[PDB]
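Laid out below as structure tokens are two forms of one and the same protein chain, each shown alone and named structure 1 and structure 2.
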Structure 1
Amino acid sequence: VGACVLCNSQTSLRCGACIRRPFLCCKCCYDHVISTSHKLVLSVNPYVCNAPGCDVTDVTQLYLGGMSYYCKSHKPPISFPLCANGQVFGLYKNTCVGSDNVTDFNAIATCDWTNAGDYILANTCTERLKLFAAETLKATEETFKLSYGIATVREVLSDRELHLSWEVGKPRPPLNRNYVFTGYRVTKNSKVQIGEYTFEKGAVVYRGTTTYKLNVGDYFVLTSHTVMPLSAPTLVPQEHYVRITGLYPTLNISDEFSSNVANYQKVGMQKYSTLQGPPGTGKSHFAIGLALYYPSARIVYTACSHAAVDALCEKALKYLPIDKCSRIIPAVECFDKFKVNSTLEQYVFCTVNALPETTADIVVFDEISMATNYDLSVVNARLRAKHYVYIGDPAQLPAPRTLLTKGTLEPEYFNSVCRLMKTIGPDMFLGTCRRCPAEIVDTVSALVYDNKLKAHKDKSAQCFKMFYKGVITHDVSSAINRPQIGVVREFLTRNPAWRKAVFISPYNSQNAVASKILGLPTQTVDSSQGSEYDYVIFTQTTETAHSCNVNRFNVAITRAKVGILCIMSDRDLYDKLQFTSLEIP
């Protein structure tokens, strides 16, 4: 028994072809089964033919005869169908509303999640359907990881480099840091974990969670995790207050957090508040500063990534009493300077999926562009708070959608929070970039921030751009542009001070080639997010949807504190770079 996800109607049915098996009421179950290929139905039992060796599962060909279900062929003389009068048969057969359209829920139930439209619907549908869609998606994502062939260690060529043997009659996943493996050692009568791993074309380079002497027969699978059902909405119902509520502001603050006093008050005068923090505008500074402005306030800081929760801890470590902080960790090496897994501690720092059920004065969720509606619901499910602050930047990178291939995913469709920030704007905006040279700030202010992002620093006169298409080669799942790396090699010989630069590209393969030919440290734009470097060398590599995504370009060029060389493929972003142009040697 449960709740129709369209009617909320109390029902004893679930769609057996829907991977999540939503509860559907008589009405909605019918309206679902007669309008889609979804025809298995589950009650306190499965609507299947209890006759011996008949495969009839379809609910539109089944009859309740006695207290056992049967198809046309097997049914007893006295039987009624299971599926007639616009209602499939089950408990609570009287209480059952329906819907003017079931269209959206059918699409969510039956889409494969390859098309943009699927993610758009999941972010414009009713809130109950936002939850259903978020589960359906995450479970579809986790199942697709199983369709991947097992990789097995054939040969250990070196230390940090392997030969992989791959399960036949299955595809192999891409080898970039968006595919994280778990290893396993072969045992008597089962297997045990040996850490998480990542791979890259070599033979294969492997970067593992722990160190080992892993030997032949050790094998690797993308570990999938059981997706829980979602209860809580992605956003609580909003409220606006006329005073600050349940928070007691400090009387003496420091001139370090004084630019945020207005904003911290706003946080106290509404139930939740959206903060857009462009690159190096001070999001974490803002987030810790909030504590000092409400010193009695209990504050759970949360984010999707260990990395993001840890950067909050690093900042906390410099301003908040250590004894009054705790890092929640489930039984990967994360921040270890606060008492571990102490929930009743004033300042709790914890990833979303490891959050305890607990209350707080304020909840600070960071790097929000990386949150899915799934994570939103979980936070609301685990944390009841007087005040929720969602810090992030919808002009930065979302969570990867591995299944997505047809269309691009717009920032207004990353999650419920980013939808709000792109449609009604954010509650607050950190408008001054402390990190980048003026040229980079000017460029992205115009590009993605409506010309409201101002440069704290001057022009560096150290930002350059070159238009060089060069030559694009493709390996299995990545791009390489050797002539763009050539141009960078030639620039470095003439500009040797740039040897302190990081190499960023939108492809880990370009990165690998660059590493061998330049010996610059490398990041993918995605791997670079929330990191700063004095000098950055960016090769666009291709003119793809991927390499020209304005949010990826935004993150790419905002990693520089002092100077940047962009070797560009795309005439459009090339022309949008307010940088000194360079001719080709």
Structure 2
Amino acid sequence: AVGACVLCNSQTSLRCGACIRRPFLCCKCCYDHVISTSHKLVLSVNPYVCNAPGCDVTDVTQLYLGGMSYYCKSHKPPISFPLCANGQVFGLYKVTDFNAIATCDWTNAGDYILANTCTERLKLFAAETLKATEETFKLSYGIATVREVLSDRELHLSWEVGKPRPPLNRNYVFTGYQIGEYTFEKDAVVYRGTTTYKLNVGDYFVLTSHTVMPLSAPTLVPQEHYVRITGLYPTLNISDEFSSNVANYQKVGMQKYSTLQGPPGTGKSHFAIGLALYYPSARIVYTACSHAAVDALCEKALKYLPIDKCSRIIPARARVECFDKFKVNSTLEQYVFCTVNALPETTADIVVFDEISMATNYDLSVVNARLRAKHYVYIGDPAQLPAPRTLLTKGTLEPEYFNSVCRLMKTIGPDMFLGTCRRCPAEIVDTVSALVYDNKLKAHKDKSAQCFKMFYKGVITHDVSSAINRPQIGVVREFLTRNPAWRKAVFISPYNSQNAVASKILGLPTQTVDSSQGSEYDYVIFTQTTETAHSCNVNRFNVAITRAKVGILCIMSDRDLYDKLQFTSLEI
């Protein structure tokens, strides 16, 4: 019970008992917390509770020090000092933002705004408090017990009465019972086991509530600027393929950390793999939150870097399928590709963290605690999608509040910016450039003349709260008959339920906007489905239309985003 104050570092025995993380608070700060919040239980070697037998006084403001013990107003001896006096709580070794982080329920956007504008130690307190609140919230939903098994990919469930029913999308991963993780999609439901098993009737599923570990390392280490490239040895013979990034690779070697903003198809993976060809002796650990993002870095590495010095780190509890062409779990190979939660304790000359909009401050801190590096590179785009905030229901989280790195890219600007989109037809580049990049994103491709927009509100139906628009899928069906080249298109929408209906009526491969991020397809068919804050989000809109290499068909619901689309309008 001897720790350091989360607000001023002053050595103390005091920890708040009403805080779910029980942070160490100094005498001066513990006071300004207990007197300003409903938090009155103070902890030390022993709790600050009335020592008198059968007495339930636990409020620190209703307690005193009677010699060496603690008592309330009704049990204190004559020679007793109040615990709360002169702006201090009695302790050994003798706040507005801390109070709000300590007592908030994390359902409001202003909670996440504060969690990112506060001091660095408050960002860590905010990050483990939030994560602990998110885990304890999982204990609230109901158990799904199997009622009947139809086939290898379909079943019927019986839900627990009196406890809510969680959203049945791939975002929510149940743990079967210990018969492996299982995912679900829409009374005939579709079941997806990570481990192949002949689903037993009566066997039950539950949401795994992993333990939240305390955070030690900052989200961002303190910045260092150098006068020359430090600990890295560049090549003079660097292929013309990577010549565009030489000046940026040098910036990478002359700073402790650097930020790269890369709009869709501007060459982020190329920059990341090319950083290894520029510092060919450097050991580089490549990391991201998702397995898909780590796999996208493995694909680009497999093309330019020696396959023998590569290794894809897979956690022992292997959940879903990932990259199979590197030696698995060889921690000491020069190039290590691994997700943030699976990172071993190691050092590196460079750490590359990709898809930075998807990271939380918890992930930012974890990377700094597991990896000790000469240089850190954060690659991503704050105009793309962030990590889902399951508790957040009121308000919209702006990009400068996604994490510390995103806050930096939006306020002081990114250190590096890839300005030429090589993927998209100019119609798409011109739309997103004006929408989210302040007209700074340039088109390498010409206009494809295969980008269409239709304004069709249709009819909105709902599977629980996930939306469907059958008339918008009907409009797509009529379009496909007159445009058979579009037979090879990927159907994208902001809702899983819309995607489930489109898969059966159109037969096209389906993808949510959130699961499409990082991927590219020749043709994309997007139905907006609704006019909600979710389907109108400019980051989601940006990701949705920047997936296409050749053409896109956008069936819009919102007049605003329809009018901004620089596409050929269609009739019906």
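Think of the rigid core as the biggest set of C-alphas that the two forms share within 1.5 Å after superposition. FYI, numbering is relative to structure 1, first residue = 1.
Please indicate which of 112, 452, 53, 406 marks the hinge of the motion between structures 1 and 2, where one rigid part turns against the other.
The hinge between the moving rigid parts is marked by 112.
What angle, to the whole degree, separates the smaller rigid part's two positions between structures 1 and 2 once the larger part is lined up on its C-alpha atoms?
So the smaller part swings through 11 degrees relative to the larger one.
Distance the CA of residue 62 travels between structures 1 and 2 [rigid core superposed, Å]
On core superposition, this C-alpha lies 4.8 Å from its counterpart.
Looking at residue 346, what is the CA displacement between structures 1 and 2 after core superposition, in angstrom?
Here residue 346 registers a C-alpha shift of 1.3 Å.
Check the Cα of residue 423 between structures 1 and 2 on a core superposition and give its shift in Å.
With the rigid core fitted, the alpha carbon of residue 423 is displaced 0.3 Å between structures 1 and 2.
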